[PDB]
Amino acid sequence: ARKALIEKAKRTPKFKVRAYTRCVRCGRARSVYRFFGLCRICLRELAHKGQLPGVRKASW
Amino acid sequence: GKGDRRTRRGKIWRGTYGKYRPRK
Amino acid sequence: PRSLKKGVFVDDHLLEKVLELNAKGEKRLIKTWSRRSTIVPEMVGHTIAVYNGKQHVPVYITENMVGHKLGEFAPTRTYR
Amino acid sequence: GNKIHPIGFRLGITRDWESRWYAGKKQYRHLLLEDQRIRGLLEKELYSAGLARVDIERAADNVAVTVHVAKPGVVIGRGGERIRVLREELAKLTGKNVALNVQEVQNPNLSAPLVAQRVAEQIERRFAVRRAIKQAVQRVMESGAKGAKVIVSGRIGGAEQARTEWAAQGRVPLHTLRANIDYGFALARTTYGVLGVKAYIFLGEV
RNA sequence: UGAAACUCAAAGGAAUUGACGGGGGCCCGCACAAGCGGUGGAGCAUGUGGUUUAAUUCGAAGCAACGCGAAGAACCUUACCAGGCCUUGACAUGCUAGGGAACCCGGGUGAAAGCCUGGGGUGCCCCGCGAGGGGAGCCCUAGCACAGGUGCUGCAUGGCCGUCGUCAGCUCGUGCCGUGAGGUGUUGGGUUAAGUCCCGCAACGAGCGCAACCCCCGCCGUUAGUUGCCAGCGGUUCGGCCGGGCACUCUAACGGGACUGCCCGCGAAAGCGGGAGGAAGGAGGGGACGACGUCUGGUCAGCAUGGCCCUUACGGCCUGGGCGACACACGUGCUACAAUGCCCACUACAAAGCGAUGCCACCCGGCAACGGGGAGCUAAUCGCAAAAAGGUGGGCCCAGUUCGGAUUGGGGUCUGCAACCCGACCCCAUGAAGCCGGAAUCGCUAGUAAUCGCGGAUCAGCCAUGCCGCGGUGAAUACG
Ligand SMILES: [K+]
Ligand SMILES: [K+]
Ligand SMILES: [Mg+2]
Ligand SMILES: [Mg+2]
Ligand SMILES: [Mg+2]
Ligand SMILES: [Mg+2]
Ligand SMILES: [Mg+2]
Ligand SMILES: [Mg+2]
Ligand SMILES: [Mg+2]
Ligand SMILES: [Mg+2]
Ligand SMILES: [Mg+2]
Ligand SMILES: [Mg+2]
Ligand SMILES: [Mg+2]
Ligand SMILES: [Mg+2]
Ligand SMILES: [Mg+2]
Ligand SMILES: [Mg+2]
Ligand SMILES: [Mg+2]
Ligand SMILES: [Mg+2]
Ligand SMILES: [Mg+2]
Ligand SMILES: [Mg+2]
Ligand SMILES: [Mg+2]
Ligand SMILES: [Mg+2]
Ligand SMILES: [Mg+2]
Ligand SMILES: [Mg+2]
Ligand SMILES: [Mg+2]
Ligand SMILES: [Mg+2]
Ligand SMILES: [Mg+2]
Ligand SMILES: [Mg+2]
Ligand SMILES: [Mg+2]
Ligand SMILES: [Mg+2]
Ligand SMILES: [Mg+2]
Ligand SMILES: [Mg+2]
Ligand SMILES: [Mg+2]
Ligand SMILES: [Mg+2]
Ligand SMILES: [Mg+2]
Ligand SMILES: [Mg+2]
Ligand SMILES: [Mg+2]
Ligand SMILES: [Mg+2]
Ligand SMILES: [Mg+2]
Ligand SMILES: [Mg+2]
Ligand SMILES: [Mg+2]
Ligand SMILES: [Mg+2]
Ligand SMILES: [Mg+2]
Ligand SMILES: [Mg+2]
Ligand SMILES: [Mg+2]
Ligand SMILES: [Mg+2]
Ligand SMILES: [Zn+2]
């Protein structure tokens with residue numbers, strides 16, 4: 001997550017396409033979820049803390 | 001077989017539609 | 001099985017830079033980076049230098065290739 | 001590299017969340033980022049007070065932030081000056097008229113996060129790791145608790161060979177659900193590198 | 001009988017804990033055997049090695065790297081390369097001024113980025129009648145502290161993960177034994193899936209693990225009826241449509257249920273075999289959960305981090321290219337080679353999920369992909385949605401064939417600024433290899449395997465035949 005690249009937040013995409021997501025917590029671009037704006041790693045982390053409301057450990 | 005796009009199964013497998021499998 | 005739709009795309013970069021170079025006759029070379037642009041009629045007879053990624057390549061565009069793209073003539077990779 | 005977070009494992013029972021607010025696929029991600037940003041300034045500030053937890057309830061532009069601490073006085077300030085400045089710093093970050101309760105801890109030796117922080121500090125102050133550990137485990141064990149356990153990472157005393165120090169007393173069944181084991185992780189920046197402290201405190205069951 | 005020079009920091013003895021033998025006893029696991037279906041051969045998809053390249057960014061390396069990080073490479077992503085450009089900087093906090101600055105808008109050039117600019121405008125403070133002066137704020141320019149660095153080290157680290165392995169087992173306290181390392185306990189006999197429980201015992205207990213507490217599935221009940229229904233009845237555009245009713249089905253909260261309790265047989269016990277009643281019987285089925293520790297395992301490229309190294313460049317911006325090269329080699333898969341089959345009709349029967357600038361009913365246009373119009377749903381209420389395998393009828397008649405759908409030529413449709421490199425989809429034409437696969441090798445013990453389709457994450461679109469789940473039909477075999 002190069003600071004220079006976390007410029008993604010930069011609305012101005014010039015072309016709506018070029019706009020992509022990134023972890024809002026680690027900057028991770030490679031596996032970010034929409035409903036959390038978090039990557040699979042950061043997501044797993046906070047979920048463990050209990051800081052992700054309603055999110056529990058699914059078993060079945 | 002599922003690889004024949006010009007057949008029923010072809011379409012279904014590829015999850016598409018067309019002459020060989022129109023939407024009812 | 002090729003296809004775009006309606007609006008034979010062409011970067012105006014060179015278009016309005018060639019359709020103009022028609023008025024005062026022709027010219028000699030037009031180096032571009034837009035290999036995306038579709039070749040069209042009023043290009044025939046010209047010579048466009050297309051960037052392959054390392055260099056600009058000379059391309060005498062002729063009738064027989066009026067529908068193709070510019071990149072199609074500037075091969076990207078170098079093999080054996 | 002095994003064993004799950006003892007809390008995330010116990011969210012169903014013996015353990016509640018640190019954020020209680022419903023939301024939809026359109027808001028959730030935001031009220032989340034913010035909800036975090038809060039813990040951001042907070043934990044970077046209220047450090048000294050010794051913040052053990054930050055619950056966050058929401059309703060609708062309403063924020064029931066409840067900073068838990070051992071020294072509720074560092075929160076307040078002179079007469080009530082801090083819980084004024086900060087309480088304003090919050091609503092500044094997110095214009096949402098935010099409350100900001102403050103609670104004291106009935107024994108900071110049973111706040112796993114704190115115990116971790118404590119030990120984590122002694123480490124930067126260049127204490128003898130094993131001592132700190134044994135001690136901590138003691139404090140906790142003394143002031144109640146049916147079991148406790150502390151873990152420090154490696155590079156103990158600036159050693160090139162990273163290690164891992166133990167120490168623990170009484171029960172600490174990570175496998176049993178209805179255990180109610182508080183847990184806390186404290187970092188530990190240093191002249192030579194990072195260390196990691198983990199605190200476990202077992203109290204009651206059923 | 002018996003040396004010396006020279007050379008070494010050991011050579012040795014007994015005992016301890018381990019690890020190990022082609023030592024012994026005892027026992028377990030899809031470990032073998034039994035059995036069912038594959039892979040290895042083909043075509044293609046995908047990852048990799050190797051070559052190639054301006055670059056083909058980096059990592060992962062027997063098991064435990066190779067549809068792995070990537071749950072989405074056309075630009076973006078992107079870390080690589082070529083070229084055109086920036087320099088307190090795309091981001092933070094600050095400082096000394098030479099000065100004008102909040103901001104708004106047009107042009108020159110250009111691939112863009114930039115570099116030049118040409119203007120429209122002056123609020124906020126304390127002054128001053130005013131002209132105007134000095135200051136906040138913000139923006140520029142010139143030096144400065146400093147930012148920034150997928151730049152090295154995973155053998156300096158945290159955190160998280162993998163692995164032996166859900167395999168049991170690993171320990172402590174006090175006592176006892178031994179000069180001591182240590183031993184006893186934890187060994188032994190019976191028994192368990194289990195260091196599970198029993199019995200015995202110089203030990204008596206305890207901790208981390210087993211187990212149990214949590215989730216799903218199976219039977220029943222109690223509140224609770226915008227989804228069930230003539231169950232029972234009255235209406236019928238015979239659509240559970242309307243009235244109507246919660247019985248039933250469901251939906252989802254809370255409880256009941258199983259305890260080897262009962263009977264018989266064997267034990268000394270724990271338990272073992274068997275029988276009843278029960279939806280379920282002796283851990284009912286599946287999951288979450290993986291001890292002290294091992295592999296100087298993996299990751300400095302998620303993030304954090306000590307130390308090194310670059311700081312008009314190892315930072316930053318673009319436009320284009322590359323990550324998509326190919327003589328060739330391997331892994332994982334997909335589609336097949338057909339008649340227990342393929343094709344076209346007609347008709348049945350699911351479960352989980354997802355959807356307000358998103359699912360998209362229905363209608364019209366088009367062979368179609370899709371266009372145009374348009375109802376409905378904040379969704380047990382509308383849409384995705386067809387279920388396919390099946391069942392019924394019909395065709396093909398053993399052929400590289402109505403098997404198979406690779407490759408290639410056309411003509412189109414979508415997404416997108418843009419599909420040459422390098423998208424999916426549709427239609428016409430083309431119609432490859434392939435006749436069941438050498439040596440070798442993988443999976444699975446039952447709703448499992450094998451087969452059939454369906455959804456979701458990522459996501460504009462997609463290179464998904466990959467992952468992660470869902471339900472239909474449903475075997476064989478285990479002497480040992
Ligand atoms: K290591
Ligand atoms: K072929
Ligand atoms: Mg960074
Ligand atoms: Mg994108
Ligand atoms: Mg992304
Ligand atoms: Mg066919
Ligand atoms: Mg010697
Ligand atoms: Mg000896
Ligand atoms: Mg020995
Ligand atoms: Mg077995
Ligand atoms: Mg096997
Ligand atoms: Mg066998
Ligand atoms: Mg093969
Ligand atoms: Mg590689
Ligand atoms: Mg590396
Ligand atoms: Mg690219
Ligand atoms: Mg221009
Ligand atoms: Mg390592
Ligand atoms: Mg590590
Ligand atoms: Mg490595
Ligand atoms: Mg077990
Ligand atoms: Mg002892
Ligand atoms: Mg002795
Ligand atoms: Mg003694
Ligand atoms: Mg002992
Ligand atoms: Mg032992
Ligand atoms: Mg022993
Ligand atoms: Mg023994
Ligand atoms: Mg036990
Ligand atoms: Mg045993
Ligand atoms: Mg004993
Ligand atoms: Mg290593
Ligand atoms: Mg290795
Ligand atoms: Mg580092
Ligand atoms: Mg690749
Ligand atoms: Mg080659
Ligand atoms: Mg495949
Ligand atoms: Mg039509
Ligand atoms: Mg393309
Ligand atoms: Mg042949
Ligand atoms: Mg044949
Ligand atoms: Mg088995
Ligand atoms: Mg699918
Ligand atoms: Mg998609
Ligand atoms: Mg492709
Ligand atoms: Mg698919
Ligand atoms: Zn993340």
# chains A, B, ... in the order shown; residues from 1 in each chain; ligands from 1
$ residues_around --residues "region 309-326 of chain E" --least-positions-apart "2" --cutoff "6 Å" --atoms "only C-alpha atoms (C1' of nucleotides)" --output "PDB file with C-alpha atoms (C1' of nucleotides), in the first residue's frame"
ATOM      1  CA  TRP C  33       0.481   6.405 -29.123  1.00  0.00           C
ATOM      2  CA  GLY C  53       5.660   0.364 -26.518  1.00  0.00           C
TER       3      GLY C  53
ATOM      4  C1'   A E  55       9.854  -6.070 -19.993  1.00  0.00           C
ATOM      5  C1'   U E  56       7.754 -10.870 -19.912  1.00  0.00           C
ATOM      6  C1'   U E  87      11.013  17.842  -7.421  1.00  0.00           C
ATOM      7  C1'   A E 111      -0.356  11.317 -26.463  1.00  0.00           C
ATOM      8  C1'   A E 112      -1.623  12.452 -21.732  1.00  0.00           C
ATOM      9  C1'   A E 113       1.138  14.341 -17.909  1.00  0.00           C
ATOM     10  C1'   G E 148       8.020   8.963   0.041  1.00  0.00           C
ATOM     11  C1'   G E 151      14.445  -1.110  -2.118  1.00  0.00           C
TER      12        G E 151
END
$ select_by_dssp --residues "chain B" --states "helix (DSSP H, G or I)" --output "PyMOL selection string"
chain B and resi 8-14
$ residues_near_ligand --ligand "ligand 24" --cutoff "10 Å" --atoms "only C-alpha atoms (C1' of nucleotides) and all ligand atoms" --output "PDB file with N, CA and C atoms (P, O5', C5', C4', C3', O3' and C1' of nucleotides), in the first residue's frame"
ATOM      1  P     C E 176       9.244 -36.998  51.664  1.00  0.00           P
ATOM      2  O5'   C E 176       9.357 -38.338  50.811  1.00  0.00           O
ATOM      3  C5'   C E 176       8.749 -39.551  51.281  1.00  0.00           C
ATOM      4  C4'   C E 176       8.739 -40.600  50.191  1.00  0.00           C
ATOM      5  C3'   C E 176      10.075 -40.939  49.567  1.00  0.00           C
ATOM      6  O3'   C E 176      10.836 -41.823  50.364  1.00  0.00           O
ATOM      7  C1'   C E 176       8.490 -40.650  47.852  1.00  0.00           C
ATOM      8  P     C E 177      12.433 -41.659  50.389  1.00  0.00           P
ATOM      9  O5'   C E 177      12.899 -42.247  48.985  1.00  0.00           O
ATOM     10  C5'   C E 177      12.696 -43.639  48.650  1.00  0.00           C
ATOM     11  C4'   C E 177      13.241 -43.928  47.271  1.00  0.00           C
ATOM     12  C3'   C E 177      14.653 -43.442  47.012  1.00  0.00           C
ATOM     13  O3'   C E 177      15.608 -44.339  47.529  1.00  0.00           O
ATOM     14  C1'   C E 177      13.278 -42.859  45.188  1.00  0.00           C
ATOM     15  P     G E 178      16.948 -43.762  48.192  1.00  0.00           P
ATOM     16  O5'   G E 178      17.823 -43.338  46.931  1.00  0.00           O
ATOM     17  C5'   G E 178      18.167 -44.293  45.907  1.00  0.00           C
ATOM     18  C4'   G E 178      18.722 -43.585  44.696  1.00  0.00           C
ATOM     19  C3'   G E 178      19.771 -42.520  44.974  1.00  0.00           C
ATOM     20  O3'   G E 178      21.068 -43.069  45.170  1.00  0.00           O
ATOM     21  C1'   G E 178      18.230 -41.760  43.320  1.00  0.00           C
ATOM     22  P     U E 179      22.027 -42.453  46.309  1.00  0.00           P
ATOM     23  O5'   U E 179      22.103 -40.911  45.923  1.00  0.00           O
ATOM     24  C5'   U E 179      22.345 -39.924  46.911  1.00  0.00           C
ATOM     25  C4'   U E 179      23.335 -38.910  46.407  1.00  0.00           C
ATOM     26  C3'   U E 179      22.942 -38.075  45.197  1.00  0.00           C
ATOM     27  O3'   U E 179      22.137 -36.976  45.581  1.00  0.00           O
ATOM     28  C1'   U E 179      25.165 -38.851  44.941  1.00  0.00           C
ATOM     29  P     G E 180      20.786 -36.668  44.777  1.00  0.00           P
ATOM     30  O5'   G E 180      21.294 -36.421  43.289  1.00  0.00           O
ATOM     31  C5'   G E 180      22.186 -35.329  43.004  1.00  0.00           C
ATOM     32  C4'   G E 180      22.647 -35.371  41.569  1.00  0.00           C
ATOM     33  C3'   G E 180      21.572 -35.458  40.501  1.00  0.00           C
ATOM     34  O3'   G E 180      21.075 -34.163  40.193  1.00  0.00           O
ATOM     35  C1'   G E 180      23.292 -37.018  40.033  1.00  0.00           C
TER      36        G E 180
END
$ interface_residues --of "chain C" --to "chain E" --cutoff "9 Å" --atoms "only C-alpha atoms (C1' of nucleotides)" --output "number ranges by chain"
C: 1-5, 9, 11, 13, 32-37, 51-55, 68-80
$ write_last_selection --atoms "N, CA and C atoms" --output "mmCIF file, in the first residue's frame"
data_model
loop_
_atom_site.group_PDB
_atom_site.id
_atom_site.type_symbol
_atom_site.label_atom_id
_atom_site.label_comp_id
_atom_site.auth_asym_id
_atom_site.auth_seq_id
_atom_site.Cartn_x
_atom_site.Cartn_y
_atom_site.Cartn_z
ATOM 1 N N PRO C 1 -14.999 -12.986 -36.111
ATOM 2 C CA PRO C 1 -16.149 -12.477 -35.317
ATOM 3 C C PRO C 1 -15.859 -11.177 -34.544
ATOM 4 N N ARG C 2 -15.482 -10.121 -35.267
ATOM 5 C CA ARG C 2 -15.167 -8.816 -34.665
ATOM 6 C C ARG C 2 -16.420 -7.950 -34.486
ATOM 7 N N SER C 3 -16.315 -6.861 -33.707
ATOM 8 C CA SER C 3 -17.462 -5.971 -33.484
ATOM 9 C C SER C 3 -17.397 -4.854 -32.421
ATOM 10 N N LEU C 4 -17.827 -3.650 -32.828
ATOM 11 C CA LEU C 4 -17.877 -2.440 -31.988
ATOM 12 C C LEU C 4 -19.336 -1.988 -31.759
ATOM 13 N N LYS C 5 -20.077 -1.785 -32.859
ATOM 14 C CA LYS C 5 -21.508 -1.392 -32.877
ATOM 15 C C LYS C 5 -21.889 -0.289 -33.884
ATOM 16 N N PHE C 9 -15.033 3.984 -33.588
ATOM 17 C CA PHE C 9 -14.097 4.766 -32.778
ATOM 18 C C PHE C 9 -12.747 5.155 -33.382
ATOM 19 N N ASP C 11 -9.521 8.017 -32.043
ATOM 20 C CA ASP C 11 -9.033 9.096 -31.190
ATOM 21 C C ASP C 11 -8.897 10.320 -32.095
ATOM 22 N N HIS C 13 -7.271 12.766 -31.713
ATOM 23 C CA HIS C 13 -5.881 13.229 -31.623
ATOM 24 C C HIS C 13 -5.317 13.413 -33.022
ATOM 25 N N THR C 32 2.079 8.506 -33.304
ATOM 26 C CA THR C 32 0.989 8.394 -32.330
ATOM 27 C C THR C 32 1.193 7.276 -31.312
ATOM 28 N N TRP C 33 0.456 7.378 -30.210
ATOM 29 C CA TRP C 33 0.481 6.405 -29.123
ATOM 30 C C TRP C 33 -0.889 5.751 -29.085
ATOM 31 N N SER C 34 -1.805 6.302 -29.875
ATOM 32 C CA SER C 34 -3.165 5.797 -29.950
ATOM 33 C C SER C 34 -3.302 4.752 -31.042
ATOM 34 N N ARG C 35 -2.990 3.507 -30.699
ATOM 35 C CA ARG C 35 -3.104 2.419 -31.649
ATOM 36 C C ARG C 35 -4.526 1.900 -31.504
ATOM 37 N N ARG C 36 -5.252 2.510 -30.570
ATOM 38 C CA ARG C 36 -6.643 2.176 -30.283
ATOM 39 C C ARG C 36 -7.517 2.615 -31.458
ATOM 40 N N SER C 37 -7.157 3.754 -32.044
ATOM 41 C CA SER C 37 -7.897 4.345 -33.156
ATOM 42 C C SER C 37 -8.044 3.468 -34.398
ATOM 43 N N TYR C 51 3.363 3.763 -31.900
ATOM 44 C CA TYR C 51 4.209 3.350 -30.792
ATOM 45 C C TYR C 51 3.849 1.912 -30.419
ATOM 46 N N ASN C 52 4.835 1.020 -30.443
ATOM 47 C CA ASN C 52 4.609 -0.381 -30.096
ATOM 48 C C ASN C 52 4.879 -0.601 -28.603
ATOM 49 N N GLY C 53 5.364 0.447 -27.938
ATOM 50 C CA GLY C 53 5.660 0.364 -26.518
ATOM 51 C C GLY C 53 7.111 0.694 -26.219
ATOM 52 N N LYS C 54 7.913 0.766 -27.274
ATOM 53 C CA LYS C 54 9.333 1.057 -27.153
ATOM 54 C C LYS C 54 9.746 2.002 -28.272
ATOM 55 N N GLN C 55 9.056 1.891 -29.403
ATOM 56 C CA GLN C 55 9.339 2.724 -30.564
ATOM 57 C C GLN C 55 8.087 3.040 -31.376
ATOM 58 N N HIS C 68 -9.090 -1.941 -40.367
ATOM 59 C CA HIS C 68 -8.310 -2.415 -39.220
ATOM 60 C C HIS C 68 -7.870 -1.323 -38.247
ATOM 61 N N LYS C 69 -7.356 -1.751 -37.094
ATOM 62 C CA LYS C 69 -6.849 -0.849 -36.059
ATOM 63 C C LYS C 69 -5.384 -0.530 -36.363
ATOM 64 N N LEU C 70 -4.846 0.514 -35.734
ATOM 65 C CA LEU C 70 -3.454 0.890 -35.975
ATOM 66 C C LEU C 70 -2.457 -0.034 -35.290
ATOM 67 N N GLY C 71 -2.835 -0.547 -34.126
ATOM 68 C CA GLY C 71 -1.955 -1.443 -33.400
ATOM 69 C C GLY C 71 -1.676 -2.712 -34.181
ATOM 70 N N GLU C 72 -2.684 -3.178 -34.912
ATOM 71 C CA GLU C 72 -2.565 -4.383 -35.719
ATOM 72 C C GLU C 72 -1.335 -4.378 -36.612
ATOM 73 N N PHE C 73 -0.729 -3.210 -36.794
ATOM 74 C CA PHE C 73 0.434 -3.108 -37.666
ATOM 75 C C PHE C 73 1.743 -2.833 -36.938
ATOM 76 N N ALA C 74 1.623 -2.598 -35.633
ATOM 77 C CA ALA C 74 2.764 -2.335 -34.770
ATOM 78 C C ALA C 74 2.849 -3.488 -33.789
ATOM 79 N N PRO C 75 3.444 -4.616 -34.213
ATOM 80 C CA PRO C 75 3.565 -5.778 -33.332
ATOM 81 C C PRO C 75 4.310 -5.456 -32.029
ATOM 82 N N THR C 76 3.683 -5.830 -30.922
ATOM 83 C CA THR C 76 4.203 -5.589 -29.590
ATOM 84 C C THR C 76 5.438 -6.371 -29.157
ATOM 85 N N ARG C 77 5.354 -7.695 -29.196
ATOM 86 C CA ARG C 77 6.467 -8.524 -28.747
ATOM 87 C C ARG C 77 7.456 -8.892 -29.843
ATOM 88 N N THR C 78 8.679 -9.212 -29.424
ATOM 89 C CA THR C 78 9.765 -9.614 -30.318
ATOM 90 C C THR C 78 10.007 -11.110 -30.078
ATOM 91 N N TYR C 79 9.835 -11.926 -31.114
ATOM 92 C CA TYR C 79 10.020 -13.370 -30.955
ATOM 93 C C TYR C 79 11.065 -14.008 -31.862
ATOM 94 N N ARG C 80 11.830 -14.938 -31.284
ATOM 95 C CA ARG C 80 12.869 -15.668 -32.001
ATOM 96 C C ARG C 80 13.325 -14.844 -33.203
#
$ closest_atom_pairs --of "chain A" --to "ligand 4" --cutoff "10 Å" --atoms "only C-alpha atoms and all ligand atoms" --output "JSON lines"
{"residue": "A:16", "atom": "CA", "partner": "ligand 4", "partner_atom_place_in_ligand_line": "1 (Mg)", "distance": 9.4}
{"residue": "A:17", "atom": "CA", "partner": "ligand 4", "partner_atom_place_in_ligand_line": "1 (Mg)", "distance": 6.2}
{"residue": "A:18", "atom": "CA", "partner": "ligand 4", "partner_atom_place_in_ligand_line": "1 (Mg)", "distance": 6.2}
{"residue": "A:19", "atom": "CA", "partner": "ligand 4", "partner_atom_place_in_ligand_line": "1 (Mg)", "distance": 6.4}
{"residue": "A:20", "atom": "CA", "partner": "ligand 4", "partner_atom_place_in_ligand_line": "1 (Mg)", "distance": 5.1}
{"residue": "A:21", "atom": "CA", "partner": "ligand 4", "partner_atom_place_in_ligand_line": "1 (Mg)", "distance": 8.0}
$ write_last_selection --atoms "N, CA, C and O atoms" --output "PDB file, in the first residue's frame"
ATOM      1  N   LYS A  16     -14.714   6.943 -15.292  1.00  0.00           N
ATOM      2  CA  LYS A  16     -15.292   6.190 -14.176  1.00  0.00           C
ATOM      3  C   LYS A  16     -14.718   4.792 -13.971  1.00  0.00           C
ATOM      4  O   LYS A  16     -14.620   4.319 -12.833  1.00  0.00           O
ATOM      5  N   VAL A  17     -14.350   4.126 -15.064  1.00  0.00           N
ATOM      6  CA  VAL A  17     -13.792   2.781 -14.973  1.00  0.00           C
ATOM      7  C   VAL A  17     -12.595   2.712 -14.044  1.00  0.00           C
ATOM      8  O   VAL A  17     -12.666   2.080 -12.990  1.00  0.00           O
ATOM      9  N   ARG A  18     -11.505   3.370 -14.434  1.00  0.00           N
ATOM     10  CA  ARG A  18     -10.273   3.363 -13.650  1.00  0.00           C
ATOM     11  C   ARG A  18     -10.421   3.375 -12.128  1.00  0.00           C
ATOM     12  O   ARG A  18      -9.492   3.005 -11.421  1.00  0.00           O
ATOM     13  N   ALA A  19     -11.576   3.789 -11.623  1.00  0.00           N
ATOM     14  CA  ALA A  19     -11.803   3.833 -10.182  1.00  0.00           C
ATOM     15  C   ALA A  19     -12.000   2.438  -9.609  1.00  0.00           C
ATOM     16  O   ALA A  19     -12.887   1.703 -10.046  1.00  0.00           O
ATOM     17  N   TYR A  20     -11.182   2.092  -8.615  1.00  0.00           N
ATOM     18  CA  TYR A  20     -11.235   0.784  -7.964  1.00  0.00           C
ATOM     19  C   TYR A  20     -11.249   0.929  -6.451  1.00  0.00           C
ATOM     20  O   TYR A  20     -10.951   1.999  -5.938  1.00  0.00           O
ATOM     21  N   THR A  21     -11.584  -0.142  -5.735  1.00  0.00           N
ATOM     22  CA  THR A  21     -11.605  -0.081  -4.273  1.00  0.00           C
ATOM     23  C   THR A  21     -10.229  -0.371  -3.679  1.00  0.00           C
ATOM     24  O   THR A  21      -9.270  -0.660  -4.400  1.00  0.00           O
TER      25      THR A  21
END
$ atom_distance --atom1 "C1' of residue 31 (chain E)" --atom2 "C1' of residue 441 (chain E)"
15.7 Å
